[PDB]
Amino acid sequence: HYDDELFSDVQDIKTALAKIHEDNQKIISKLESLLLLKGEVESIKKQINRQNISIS
Amino acid sequence: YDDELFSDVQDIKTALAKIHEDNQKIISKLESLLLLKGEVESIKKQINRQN
Amino acid sequence: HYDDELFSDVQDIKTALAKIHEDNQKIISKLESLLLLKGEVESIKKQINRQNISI
Amino acid sequence: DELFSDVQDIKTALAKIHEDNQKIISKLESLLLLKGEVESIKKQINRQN
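Residues numbered from 1 in each chain as written, not as in the entry; some residues may be left out. Chains lettered and ligands numbered in written order. Heavy atoms only, no water.

Q: How would you sum up the interface of chain A and chain B? Please name residues and give values.
A: Counting from both sides, the interface comprises 28 residues of chain A and, opposite them, 25 residues of chain B. Both sides of the chain A and chain B interface together cover about 2,300 Å² of buried area, and 68% of this is carbon and sulfur. Seen at the junction of chain A and chain B, the total is 2 salt bridges. In this structure, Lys29 of chain B engages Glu32 of chain A in a salt bridge whose closest nitrogen and oxygen atoms are separated by 2.7 Å. At the boundary of chain A with chain B, the tally comes to 9 residue pairs in polar contact. Mapped by element, the contributors of at least two residues to the side of chain A that touches chain B are α1 (4-35) and α2 (37-52) of chain A. (Contact = heavy atoms within 4.5 Å. Buried area = accessible area lost by both parts, 1.4 Å probe. Salt bridge = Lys/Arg side-chain N within 4 Å of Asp/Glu carboxyl O. Polar contact = N/O pair within 3.5 Å; in protein donor to acceptor, adjacent residues only side chain to side chain. Helix = DSSP H or I, 4+ residues; strand = E, 2+ residues; numbered from the N terminus.)

Q: Can you explain the packing of aromatic side chains? Please cite residues and give values.
A: Aromatic rings in a pair are described by how distant their centres are and how their planes are angled relative to each other. Tallying each qualifying case throughout the model produces 3 aromatic pairs over all chains. Centre to centre, the rings of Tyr2 of chain A and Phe7 of chain A are 5.6 Å apart; their planes meet at 70°, and the pair counts as edge-to-face. A residue is classified by how much of its surface remains accessible, and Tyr2 of chain A, at 12% relative accessible area, is buried. Assessed through its relative accessible area of 39%, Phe7 of chain A is described here as partly exposed. Taken together, a centroid distance of 5.6 Å and an interplanar angle of 75° make the contact between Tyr2 of chain C and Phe7 of chain C edge-to-face. You can call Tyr2 of chain C buried: its relative accessible area is 8%. (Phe/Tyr/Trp six-rings, centres within 6.5 Å; stacked < 30°, edge-to-face > 60°. Buried < 20%, exposed > 50% of the residue type's maximum accessible area, 1.4 Å probe, protein only.)

Note that every value here comes from positions in space, so none of it alone points to a role or purpose.
Here you go:
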């Protein structure tokens, strides 16, 4: 059959998987947030290149 | 193979599959983020020349 | 009922999930630490625009 | 029998996830080094001012 302790173990696996999934959704959105650094860093690089055009 | 156990196992399978795919998405986003190292290194270099 | 070897397999599965959960917590805090880069990068941008008004 | 096969596939999937996790942590540790670097850049921008 479906033994009670096996059942219990399965429930805890369910809980843990569910925690893992939601943590992954946090991970992903933090990453989406961090990826915005690429353009910003690119802008700094661009500004530093206009700045280095300082024939003074 | 109890039907309910069976159902539970399939649900675990779905969750694992989803987790795995999220992992590949995370890795790729990370591979992209890693390109920042060279860019930041480059800015540092430009800033030192600028000095 | 709950067969000995299935039982052994379930415990190993439990061990792996625990480890995975843990690595996730460490991953999350590393990410929270990296997110501070946003403000810092923003400051740099600002202090460089300030510099550009060098004329 | 079929449950056995399912458990093996779960074990496979778990191992893969775990290993991606080690690759993720390592990429992250490398990314963490960016903290000192932009701190330096920040410092050299202040000195430039």
